[PDB]
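**Student:** So here's model_38.txt (compact mmCIF, N, CA, C and O atoms and all ligand atoms).
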```
# COMPACT_ATOMS: atom_id res chain seq x y z
N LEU A 558 27.90 11.39 -20.65
CA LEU A 558 29.04 12.12 -21.16
C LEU A 558 29.42 11.55 -22.52
O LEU A 558 29.12 10.39 -22.82
N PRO A 559 30.09 12.32 -23.36
CA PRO A 559 30.24 11.92 -24.77
C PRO A 559 31.21 10.77 -25.00
O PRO A 559 31.63 10.54 -26.13
N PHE A 560 31.59 10.04 -23.94
CA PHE A 560 32.44 8.88 -24.14
C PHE A 560 31.97 7.62 -23.42
O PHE A 560 32.58 6.57 -23.62
N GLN A 561 30.91 7.67 -22.61
CA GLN A 561 30.39 6.42 -22.07
C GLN A 561 29.56 5.70 -23.13
O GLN A 561 29.08 6.29 -24.09
N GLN A 562 29.39 4.39 -22.92
CA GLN A 562 28.52 3.58 -23.76
C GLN A 562 27.32 3.04 -22.99
O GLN A 562 26.18 3.29 -23.38
N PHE A 563 27.55 2.31 -21.90
CA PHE A 563 26.48 1.60 -21.23
C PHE A 563 25.95 2.41 -20.06
O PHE A 563 26.31 3.57 -19.85
N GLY A 564 25.07 1.79 -19.27
CA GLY A 564 24.65 2.35 -18.00
C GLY A 564 24.42 1.22 -17.02
O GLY A 564 24.16 0.08 -17.40
N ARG A 565 24.53 1.55 -15.74
CA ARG A 565 24.43 0.54 -14.70
C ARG A 565 23.85 1.16 -13.44
O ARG A 565 23.92 2.37 -13.23
N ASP A 566 23.27 0.31 -12.60
CA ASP A 566 22.60 0.73 -11.39
C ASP A 566 23.40 0.29 -10.17
O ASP A 566 24.51 -0.23 -10.29
N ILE A 567 22.82 0.50 -8.99
CA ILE A 567 23.51 0.23 -7.74
C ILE A 567 23.89 -1.24 -7.60
O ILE A 567 24.87 -1.57 -6.93
N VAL A 568 23.15 -2.15 -8.25
CA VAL A 568 23.42 -3.57 -8.16
C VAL A 568 24.12 -4.10 -9.41
O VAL A 568 24.25 -5.32 -9.58
N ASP A 569 24.57 -3.21 -10.30
CA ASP A 569 25.36 -3.57 -11.48
C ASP A 569 24.55 -4.41 -12.47
O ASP A 569 24.96 -5.48 -12.90
N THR A 570 23.38 -3.90 -12.83
CA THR A 570 22.58 -4.43 -13.93
C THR A 570 22.42 -3.34 -14.98
O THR A 570 22.19 -2.18 -14.64
N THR A 571 22.56 -3.71 -16.25
CA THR A 571 22.47 -2.73 -17.32
C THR A 571 21.07 -2.15 -17.37
O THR A 571 20.08 -2.89 -17.39
N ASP A 572 20.98 -0.82 -17.40
CA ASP A 572 19.67 -0.18 -17.43
C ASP A 572 19.61 1.01 -18.38
O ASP A 572 18.67 1.81 -18.30
N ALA A 573 20.59 1.15 -19.27
CA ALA A 573 20.56 2.18 -20.30
C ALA A 573 21.67 1.89 -21.30
O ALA A 573 22.80 1.58 -20.90
N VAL A 574 21.35 1.99 -22.59
CA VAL A 574 22.33 1.79 -23.65
C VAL A 574 22.17 2.93 -24.65
O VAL A 574 21.09 3.51 -24.80
N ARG A 575 23.27 3.26 -25.34
CA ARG A 575 23.27 4.28 -26.37
C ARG A 575 23.38 3.64 -27.74
O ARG A 575 24.19 2.74 -27.96
N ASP A 576 22.55 4.12 -28.67
CA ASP A 576 22.46 3.54 -30.01
C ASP A 576 23.69 3.92 -30.83
O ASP A 576 24.03 5.10 -30.91
N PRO A 577 24.38 2.95 -31.44
CA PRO A 577 25.58 3.28 -32.24
C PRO A 577 25.30 4.12 -33.47
O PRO A 577 25.99 5.11 -33.70
N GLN A 578 24.30 3.74 -34.27
CA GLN A 578 24.00 4.46 -35.51
C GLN A 578 23.68 5.92 -35.24
O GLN A 578 24.43 6.81 -35.65
N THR A 579 22.59 6.17 -34.54
CA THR A 579 22.22 7.51 -34.10
C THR A 579 22.58 7.63 -32.62
O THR A 579 22.08 6.86 -31.80
N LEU A 580 23.42 8.60 -32.29
CA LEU A 580 23.93 8.69 -30.93
C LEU A 580 22.82 9.12 -29.99
O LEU A 580 22.60 10.32 -29.78
N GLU A 581 22.11 8.15 -29.42
CA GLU A 581 21.01 8.41 -28.50
C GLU A 581 20.90 7.26 -27.52
O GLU A 581 21.17 6.10 -27.87
N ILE A 582 20.50 7.58 -26.30
CA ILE A 582 20.49 6.63 -25.20
C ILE A 582 19.10 6.03 -25.07
O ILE A 582 18.10 6.76 -24.97
N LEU A 583 19.02 4.70 -25.08
CA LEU A 583 17.76 3.98 -24.98
C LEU A 583 17.67 3.30 -23.62
O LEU A 583 18.54 2.50 -23.27
N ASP A 584 16.63 3.62 -22.87
CA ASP A 584 16.38 2.97 -21.59
C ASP A 584 15.83 1.57 -21.82
O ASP A 584 15.07 1.33 -22.76
N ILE A 585 16.21 0.64 -20.95
CA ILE A 585 15.84 -0.76 -21.06
C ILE A 585 15.11 -1.20 -19.80
O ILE A 585 15.52 -0.86 -18.69
N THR A 586 14.02 -1.95 -19.99
CA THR A 586 13.19 -2.44 -18.91
C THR A 586 12.83 -3.89 -19.22
O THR A 586 12.38 -4.18 -20.35
N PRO A 587 13.00 -4.81 -18.28
CA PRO A 587 12.74 -6.22 -18.57
C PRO A 587 11.26 -6.49 -18.77
O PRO A 587 10.39 -5.76 -18.30
N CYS A 588 10.98 -7.58 -19.49
CA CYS A 588 9.60 -7.96 -19.76
C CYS A 588 8.92 -8.45 -18.48
O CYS A 588 9.57 -8.81 -17.49
N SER A 589 7.59 -8.44 -18.50
CA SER A 589 6.80 -8.68 -17.31
C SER A 589 6.84 -10.15 -16.90
O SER A 589 6.92 -11.05 -17.73
N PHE A 590 6.77 -10.38 -15.59
CA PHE A 590 6.67 -11.73 -15.04
C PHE A 590 6.04 -11.63 -13.66
O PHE A 590 5.83 -10.54 -13.12
N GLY A 591 5.73 -12.79 -13.09
CA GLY A 591 5.11 -12.84 -11.79
C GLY A 591 4.50 -14.20 -11.53
O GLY A 591 4.47 -15.07 -12.40
N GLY A 592 4.01 -14.37 -10.31
CA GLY A 592 3.42 -15.63 -9.93
C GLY A 592 1.99 -15.77 -10.41
O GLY A 592 1.33 -14.80 -10.77
N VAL A 593 1.52 -17.01 -10.42
CA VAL A 593 0.16 -17.34 -10.84
C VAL A 593 -0.48 -18.18 -9.75
O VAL A 593 0.10 -19.19 -9.32
N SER A 594 -1.67 -17.78 -9.31
CA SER A 594 -2.39 -18.50 -8.27
C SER A 594 -3.80 -18.79 -8.74
O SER A 594 -4.41 -18.00 -9.46
N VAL A 595 -4.32 -19.94 -8.31
CA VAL A 595 -5.64 -20.42 -8.72
C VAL A 595 -6.54 -20.44 -7.50
O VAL A 595 -6.19 -21.01 -6.46
N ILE A 596 -7.71 -19.82 -7.62
CA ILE A 596 -8.72 -19.81 -6.57
C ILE A 596 -9.79 -20.83 -6.92
O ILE A 596 -10.33 -20.81 -8.03
N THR A 597 -10.10 -21.73 -5.98
CA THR A 597 -11.09 -22.75 -6.26
C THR A 597 -11.88 -23.10 -5.01
O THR A 597 -11.32 -23.15 -3.92
N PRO A 598 -13.18 -23.32 -5.15
CA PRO A 598 -13.94 -24.00 -4.10
C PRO A 598 -13.62 -25.49 -4.15
O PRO A 598 -12.90 -25.96 -5.02
N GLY A 599 -14.16 -26.23 -3.18
CA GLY A 599 -13.93 -27.66 -3.16
C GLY A 599 -14.53 -28.35 -4.37
O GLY A 599 -15.58 -27.94 -4.89
N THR A 600 -13.85 -29.40 -4.84
CA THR A 600 -14.39 -30.17 -5.95
C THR A 600 -15.69 -30.87 -5.57
O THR A 600 -16.46 -31.24 -6.46
N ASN A 601 -15.95 -31.05 -4.28
CA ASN A 601 -17.25 -31.51 -3.83
C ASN A 601 -18.36 -30.52 -4.16
O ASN A 601 -19.53 -30.91 -4.22
N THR A 602 -18.02 -29.25 -4.37
CA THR A 602 -19.01 -28.21 -4.62
C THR A 602 -19.15 -27.90 -6.11
O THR A 602 -20.24 -28.02 -6.67
N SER A 603 -18.06 -27.50 -6.76
CA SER A 603 -18.14 -27.03 -8.14
C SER A 603 -16.83 -27.35 -8.85
O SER A 603 -15.96 -28.05 -8.32
N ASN A 604 -16.70 -26.83 -10.07
CA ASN A 604 -15.47 -26.95 -10.85
C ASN A 604 -15.03 -25.62 -11.45
O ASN A 604 -14.10 -25.61 -12.26
N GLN A 605 -15.68 -24.52 -11.09
CA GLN A 605 -15.23 -23.22 -11.56
C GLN A 605 -13.98 -22.79 -10.81
O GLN A 605 -13.77 -23.15 -9.65
N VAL A 606 -13.14 -22.00 -11.49
CA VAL A 606 -11.91 -21.49 -10.91
C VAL A 606 -11.73 -20.04 -11.31
O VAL A 606 -12.36 -19.54 -12.24
N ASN B 854 15.08 -10.75 -10.19
CA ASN B 854 14.92 -11.88 -11.10
C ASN B 854 14.26 -13.03 -10.34
O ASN B 854 14.94 -13.78 -9.63
N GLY B 855 12.95 -13.18 -10.51
CA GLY B 855 12.23 -14.21 -9.79
C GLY B 855 11.96 -13.88 -8.34
O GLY B 855 11.50 -14.75 -7.60
N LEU B 856 12.23 -12.65 -7.92
CA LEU B 856 12.08 -12.22 -6.53
C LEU B 856 10.95 -11.21 -6.47
O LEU B 856 11.12 -10.05 -6.86
N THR B 857 9.79 -11.65 -5.99
CA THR B 857 8.64 -10.78 -5.87
C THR B 857 8.48 -10.34 -4.42
O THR B 857 9.21 -10.78 -3.52
N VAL B 858 7.52 -9.45 -4.19
CA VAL B 858 7.14 -9.03 -2.85
C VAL B 858 5.62 -9.06 -2.76
O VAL B 858 4.94 -8.44 -3.59
N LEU B 859 5.11 -9.75 -1.81
CA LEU B 859 3.66 -9.80 -1.74
C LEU B 859 3.14 -8.78 -0.75
O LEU B 859 3.78 -8.50 0.27
N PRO B 860 1.98 -8.19 -1.01
CA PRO B 860 1.44 -7.18 -0.11
C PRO B 860 0.76 -7.83 1.08
O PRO B 860 0.31 -8.98 1.00
N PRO B 861 0.68 -7.13 2.21
CA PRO B 861 -0.01 -7.69 3.37
C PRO B 861 -1.50 -7.79 3.12
O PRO B 861 -2.07 -7.13 2.25
N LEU B 862 -2.15 -8.66 3.91
CA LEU B 862 -3.58 -8.85 3.76
C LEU B 862 -4.37 -7.69 4.34
O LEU B 862 -5.42 -7.31 3.81
N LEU B 863 -3.89 -7.09 5.43
CA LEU B 863 -4.56 -5.97 6.08
C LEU B 863 -3.82 -4.68 5.74
O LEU B 863 -2.62 -4.57 5.99
N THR B 864 -4.54 -3.71 5.18
CA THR B 864 -3.94 -2.43 4.84
C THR B 864 -3.79 -1.58 6.10
O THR B 864 -4.21 -1.97 7.20
N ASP B 865 -3.18 -0.41 5.95
CA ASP B 865 -3.04 0.50 7.08
C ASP B 865 -4.38 1.08 7.50
O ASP B 865 -4.59 1.34 8.70
N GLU B 866 -5.28 1.29 6.55
CA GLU B 866 -6.57 1.90 6.85
C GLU B 866 -7.46 0.99 7.69
O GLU B 866 -8.46 1.47 8.24
N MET B 867 -7.14 -0.29 7.79
CA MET B 867 -7.88 -1.22 8.64
C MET B 867 -7.24 -1.35 10.02
O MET B 867 -7.95 -1.45 11.03
N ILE B 868 -5.91 -1.35 10.06
CA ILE B 868 -5.21 -1.35 11.34
C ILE B 868 -5.55 -0.09 12.12
O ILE B 868 -5.70 -0.11 13.35
N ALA B 869 -5.72 1.03 11.41
CA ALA B 869 -6.15 2.25 12.08
C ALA B 869 -7.54 2.08 12.69
O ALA B 869 -7.80 2.58 13.79
N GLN B 870 -8.45 1.40 11.99
CA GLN B 870 -9.78 1.19 12.55
C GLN B 870 -9.74 0.31 13.79
O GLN B 870 -10.44 0.58 14.77
N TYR B 871 -8.93 -0.76 13.78
CA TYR B 871 -8.77 -1.55 15.00
C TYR B 871 -8.23 -0.71 16.15
O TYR B 871 -8.71 -0.81 17.28
N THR B 872 -7.21 0.11 15.88
CA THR B 872 -6.64 0.93 16.95
C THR B 872 -7.68 1.89 17.51
O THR B 872 -7.81 2.05 18.73
N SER B 873 -8.45 2.54 16.63
CA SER B 873 -9.48 3.46 17.08
C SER B 873 -10.55 2.75 17.89
O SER B 873 -11.05 3.29 18.88
N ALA B 874 -10.93 1.54 17.47
CA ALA B 874 -11.92 0.79 18.23
C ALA B 874 -11.41 0.45 19.62
O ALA B 874 -12.14 0.56 20.61
N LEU B 875 -10.14 0.04 19.72
CA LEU B 875 -9.57 -0.25 21.03
C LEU B 875 -9.60 0.98 21.93
O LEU B 875 -9.99 0.91 23.10
N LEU B 876 -9.20 2.14 21.38
CA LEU B 876 -9.21 3.37 22.17
C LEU B 876 -10.62 3.73 22.63
O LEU B 876 -10.84 4.07 23.80
N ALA B 877 -11.59 3.67 21.72
CA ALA B 877 -12.95 4.04 22.06
C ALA B 877 -13.58 3.07 23.04
O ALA B 877 -14.52 3.44 23.75
N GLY B 878 -13.11 1.82 23.07
CA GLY B 878 -13.61 0.89 24.06
C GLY B 878 -12.96 1.05 25.42
O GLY B 878 -13.59 0.77 26.44
N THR B 879 -11.70 1.49 25.45
CA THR B 879 -11.01 1.67 26.72
C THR B 879 -11.20 3.07 27.31
O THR B 879 -10.76 3.31 28.43
N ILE B 880 -11.83 3.98 26.59
CA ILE B 880 -12.11 5.31 27.14
C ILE B 880 -13.48 5.35 27.81
O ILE B 880 -13.62 5.87 28.92
N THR B 881 -14.50 4.81 27.16
CA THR B 881 -15.88 4.93 27.63
C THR B 881 -16.36 3.73 28.42
O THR B 881 -17.52 3.72 28.84
N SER B 882 -15.53 2.71 28.62
CA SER B 882 -15.98 1.52 29.32
C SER B 882 -15.01 0.99 30.36
O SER B 882 -15.39 0.09 31.11
N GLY B 883 -13.79 1.50 30.44
CA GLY B 883 -12.83 0.91 31.36
C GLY B 883 -12.30 -0.40 30.82
O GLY B 883 -12.04 -0.54 29.62
N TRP B 884 -12.14 -1.37 31.71
CA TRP B 884 -11.64 -2.68 31.34
C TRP B 884 -12.75 -3.69 31.10
O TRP B 884 -12.46 -4.86 30.84
N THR B 885 -14.02 -3.27 31.21
CA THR B 885 -15.11 -4.23 31.19
C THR B 885 -15.37 -4.81 29.80
O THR B 885 -15.96 -5.88 29.70
N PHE B 886 -14.94 -4.13 28.74
CA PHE B 886 -15.23 -4.63 27.41
C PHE B 886 -14.30 -5.76 26.99
O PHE B 886 -14.53 -6.36 25.94
N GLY B 887 -13.27 -6.06 27.77
CA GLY B 887 -12.41 -7.18 27.49
C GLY B 887 -12.86 -8.50 28.06
O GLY B 887 -12.23 -9.53 27.80
N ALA B 888 -13.95 -8.51 28.83
CA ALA B 888 -14.44 -9.71 29.48
C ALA B 888 -15.89 -10.03 29.15
O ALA B 888 -16.42 -11.02 29.66
N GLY B 889 -16.54 -9.23 28.32
CA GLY B 889 -17.93 -9.43 27.98
C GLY B 889 -18.54 -8.21 27.33
O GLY B 889 -17.88 -7.49 26.57
N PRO B 890 -19.81 -7.95 27.61
CA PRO B 890 -20.44 -6.73 27.09
C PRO B 890 -19.81 -5.48 27.68
O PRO B 890 -19.40 -5.46 28.85
N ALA B 891 -19.75 -4.43 26.87
CA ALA B 891 -19.16 -3.17 27.30
C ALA B 891 -20.18 -2.36 28.08
O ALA B 891 -21.33 -2.22 27.65
N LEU B 892 -19.76 -1.81 29.21
CA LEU B 892 -20.63 -1.07 30.11
C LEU B 892 -20.10 0.35 30.30
O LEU B 892 -18.89 0.57 30.31
N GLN B 893 -21.01 1.30 30.45
CA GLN B 893 -20.61 2.69 30.58
C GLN B 893 -20.04 2.96 31.96
O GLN B 893 -20.35 2.28 32.94
N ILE B 894 -19.20 3.99 32.04
CA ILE B 894 -18.71 4.54 33.30
C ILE B 894 -18.05 5.89 33.01
O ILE B 894 -17.31 6.01 32.02
N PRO B 895 -18.33 6.93 33.78
CA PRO B 895 -17.66 8.21 33.56
C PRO B 895 -16.18 8.12 33.86
O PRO B 895 -15.75 7.37 34.74
N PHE B 896 -15.40 8.90 33.13
CA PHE B 896 -13.94 8.77 33.21
C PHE B 896 -13.37 9.08 34.59
O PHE B 896 -12.55 8.29 35.09
N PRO B 897 -13.73 10.18 35.26
CA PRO B 897 -13.23 10.38 36.62
C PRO B 897 -13.70 9.32 37.59
O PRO B 897 -13.19 9.26 38.71
N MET B 898 -14.66 8.49 37.19
CA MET B 898 -15.05 7.36 38.02
C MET B 898 -14.26 6.11 37.68
O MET B 898 -14.12 5.22 38.53
N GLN B 899 -13.75 6.01 36.46
CA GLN B 899 -12.80 4.95 36.13
C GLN B 899 -11.46 5.18 36.80
O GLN B 899 -10.86 4.26 37.38
N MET B 900 -10.96 6.41 36.72
CA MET B 900 -9.65 6.69 37.30
C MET B 900 -9.65 6.48 38.81
O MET B 900 -8.61 6.17 39.38
N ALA B 901 -10.81 6.62 39.46
CA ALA B 901 -10.88 6.35 40.89
C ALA B 901 -10.55 4.90 41.20
O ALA B 901 -9.77 4.61 42.11
N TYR B 902 -11.13 3.96 40.44
CA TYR B 902 -10.80 2.56 40.63
C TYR B 902 -9.37 2.25 40.22
O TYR B 902 -8.72 1.38 40.81
N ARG B 903 -8.86 2.95 39.21
CA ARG B 903 -7.47 2.69 38.82
C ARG B 903 -6.48 3.17 39.88
O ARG B 903 -5.42 2.57 40.04
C1 LIG C 1001 25.08 6.21 -40.32
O1 LIG C 1001 24.28 6.28 -41.50
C2 LIG C 1001 23.05 7.01 -41.34
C3 LIG C 1001 22.31 6.90 -42.65
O2 LIG C 1001 22.76 7.87 -43.58
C4 LIG C 1001 23.36 8.45 -40.95
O3 LIG C 1001 22.14 9.15 -40.72
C5 LIG C 1001 24.22 8.48 -39.69
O4 LIG C 1001 24.59 9.82 -39.40
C6 LIG C 1001 25.47 7.63 -39.88
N1 LIG C 1001 26.25 7.60 -38.65
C7 LIG C 1001 27.07 8.59 -38.28
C8 LIG C 1001 27.80 8.39 -36.98
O5 LIG C 1001 27.22 9.60 -38.96
```
How does this structure look as structure tokens?
**Tutor:**
Amino acid sequence: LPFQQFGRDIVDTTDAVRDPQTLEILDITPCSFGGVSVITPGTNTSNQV
Amino acid sequence: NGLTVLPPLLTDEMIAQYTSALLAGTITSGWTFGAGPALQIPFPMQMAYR
């Protein structure tokens, strides 16, 4: 609507903003992350991972 | 934020295969496949013992 500024989701995290200069809404998505796991045979066998 | 979800090791398409194997073993063999080699028996002859 022509008077809101931000946006929010069910858990109250910002997920949309409107640009001040040009009145347009920009969706926001966080940068990538995740866990890291290493697969290895026994050091008695090899050293590749 | 730092909260991931890991997928299961066995997919649904494999659990379905286990279920189908169990059914096919309990239809054409009775209870004999749970104690050793699976042996044939006709179904109206299994239900007689049951
Ligand atoms: C801000 O300046 C830019 C550059 O001329 C212009 O295009 C824009 O319309 C201006 N903002 C508003 C709200 O008019």
**Student:** Around range 562-576 of chain A, with edges along x, y and z and 5 Å added on all six sides, what centre and edge lengths do you get, in Å to one decimal, as lines of an AutoDock Vina configuration file?
**Tutor:**
```
center_x = 24.0
center_y = -0.2
center_z = -18.9
size_x = 20.7
size_y = 20.6
size_z = 34.0
```
**Student:** Counting only N, CA, C and O atoms, which of A:584, A:590, A:565, A:605 gets nearest to chain B?
**Tutor:**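 Checking each of A:584, A:590, A:565, A:605 against chain B, counting only N, CA, C and O atoms, the winner is A:590.
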**Student:** Step by step, measure atom-to-atom distances between ligand LIG 1001 (chain C) and each residue using all atoms listed in the file, keep those at most 8 Å, then write them as an NGL selection string.
**Tutor:** :A and (576-580)
**Student:** Counting only N, CA, C and O atoms, figure out which residue out of A:585, A:567, A:591, A:604 gets nearest to chain B.
**Tutor:** A:591
**Student:** Between atom N of residue 598 in chain A and atom N of residue 855 in chain B, what is the spacing in Å?
**Tutor:** 28.5 Å
**Student:** Identify, with DSSP run on backbone atoms, the residues in chain A assigned to strand (DSSP E), and express the list as a ChimeraX atom specification.
**Tutor:** /A:563-565,571-576,581-584
